[PDB]
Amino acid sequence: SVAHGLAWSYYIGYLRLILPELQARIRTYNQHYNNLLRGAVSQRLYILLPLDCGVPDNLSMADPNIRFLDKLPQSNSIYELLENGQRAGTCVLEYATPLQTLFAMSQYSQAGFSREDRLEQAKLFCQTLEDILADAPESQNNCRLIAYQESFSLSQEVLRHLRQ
């Protein structure tokens, strides 16, 4: 099961290191860099987990209601989320980039990995990641996993989690 190792790496080699000082980085942005009125960036890292493992080049080509806003200071990006043609939220948003391995494996004949195998691994990755973060010290209330399957709205998917 390839997902097991991907989810551990994602956590241990990345989340474990960026999550402890994430809220301070958002706090600096809100207080000193934010030129947006009433639009404060949310306190959590929103992680996009598409079950089809399709990670685009840039986030905005996937949805026109997701617009790049700034780089989070001190590798992370801030986006504005549109609802009804208006800014409905602002957050630090990204893809769980280890999903690229599952998509690349499904695209390599010698891996013997079908689309059905990919979907199962994608789901397994999400569940293993949920279990790791649940027992993780630095991941108490600063991380949000947005798992989804696909006119679909990626912005409406993020906004529901933001409202939570």
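Residue positions are given as counts along the sequence shown, with the first one as 1.
The entry models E150 and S151 with a gap of 4 to 9 deposited residues left without coordinates. Coordinates are lacking for 10 or more deposited residues between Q74 and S75. Set 153-161 against 3-11 and average the Cα temperature factors; 153-161 ends up higher.
When the two stretches 21-29 and 141-149 are set side by side, the higher mean Cα temperature factor goes to 141-149. The entry lists C-alpha B-factors for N65, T97, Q107, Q121, and the highest of these is at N65.
Among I47, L102, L37, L51, the highest C-alpha B-factor in the deposited entry belongs to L37.
Looking at the C-alpha B-factors along this chain, the one for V55 belongs to the lowest third.
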